[PDB]
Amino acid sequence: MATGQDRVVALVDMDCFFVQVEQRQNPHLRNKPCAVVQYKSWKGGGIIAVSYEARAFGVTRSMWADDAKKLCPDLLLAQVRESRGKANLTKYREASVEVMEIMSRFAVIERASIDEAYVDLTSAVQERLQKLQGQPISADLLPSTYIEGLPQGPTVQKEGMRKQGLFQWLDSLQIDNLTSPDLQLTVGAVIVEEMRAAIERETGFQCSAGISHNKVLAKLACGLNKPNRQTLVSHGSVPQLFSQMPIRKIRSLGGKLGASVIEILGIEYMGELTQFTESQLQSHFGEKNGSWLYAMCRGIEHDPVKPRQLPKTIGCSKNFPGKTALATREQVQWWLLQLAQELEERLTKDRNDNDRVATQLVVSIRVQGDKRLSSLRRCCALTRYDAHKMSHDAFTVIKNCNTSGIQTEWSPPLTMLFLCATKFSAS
């Protein structure tokens, strides 16, 4: 049977990313409790990134800054730039590009968010395993690596635990066997140290990293020892790792599916899924899910690292909650034109940098009284990077959503506007 040990995969995720970006530009904020907010004049603004000094006081994402200062009175704040009446994340997108290009020097990268990327190191490990003869792997090659599940068997501080575990790992390493999966992950972890040293040297940003045999495990491993540390999760660490791992913490199980696994099967931890046959899991959750759950609770997962460093979509949105929803026709025209103008400058930059053009425009709205994130999506042809054409066209395809008999009145008031360029192709 195939033990899900064919690959070496890392996930690298920046530490409190938006905060690091502001702290590098504004040294006043380094090594202090700070957070990043947007739109300051409602409850100090909503918090979108929290530094680790501020997390020690309880400050979280999604809190209002005014409530955040209640937990942490010395908290310093940085506010997202605002342009055309809405958030502008250019600074963070450009800092993201810095990190992704560096990681792209080492292996194939799958950009998975603005601050993290999966790395398929299988080939780079095979290559490294031949350039280093058969010589041992010194602990000095892994100065920030944790071996999950170690130390074991017959120090009271965290670095002491780290070293002892690493020591036990390396001492037990079969450097004889170029094919041993634990050796492979170790070499992968040496490379990830270098990758993270380069990221920090060249950008000033610290980050953490998971190393394992698949994307789900590498991501789990990444969070085990955040910040500024990397974690190797061997296939053999999985049974004890999963035996008390809440199901909701595994990637793609944090929502409705993970809740129904918990409710239907009557279990709390990943490891309890092993009691069920694959056909049982498939009866409850479908053939693809039951099969994915059957393999995943044994540490096995085959989703590949997609070679993709570039977004497939480029989107633009503003929500208009509560009293602020839009009820004029020309109010809806104006905000569409604001969204299309940011879209145009981002699309122009993308065409110049990446040699591709978006060919479809996706317009989406919500209306007060609805429930879900979106209430209505419609598409149209994107033939010119012209903000006025994009907004006019986007209006045309939604203007019948206006149930109002009136001319200039628009309602159910629009709680949300979303424009998204997509279906790119080479140019």
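So that the term is clear: the rigid core is the largest set of C-alpha atoms that superpose within 1.5 Å between two forms. Quick note: we count residues from 1 along the sequence shown, nothing fancier.
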Core fit done; bigger CA RMS in 8 other deposited structures of this protein for 177-185 or for 160-168?
177-185
Between 233-241 and 128-136, report the one with more C-alpha displacement in 8 other deposited structures of this protein relative to this form after a rigid core superposition.
128-136
Please figure out whether residue 154 and residue 155 are truly consecutive in the deposited sequence or have unmodelled residues between them, and give none, 1 to 3, 4 to 9, or 10 or more.
4 to 9
Of 324-332 vs 222-230, the stretch with the larger average CA B-factor in the entry is 324-332
Regarding 417-425 and 4-12, which shows the higher C-alpha temperature factor on average in the entry?
417-425
Highest recorded Cα temperature factor - choice among 310, 257, 78, 103
310
Among 134, 299, 204, 165, the highest C-alpha B-factor in the PDB entry belongs to 134
How does residue 213 rank on Cα B-factor within its chain, lowest, middle or highest third?
lowest
Assert third(CA B-factor, residue 316) within chain per record equals highest
Ordered by C-alpha B-factor within the chain, which third holds residue 35? Give me lowest, middle or highest, please.
lowest
Using the B-factor values recorded in the entry, state whether the Cα atom of residue 351 falls in the lowest, middle or highest third among the modelled residues of its chain.
highest
Going by the entry, which third of its chain does the Cα temperature factor of residue 93 land in?
lowest
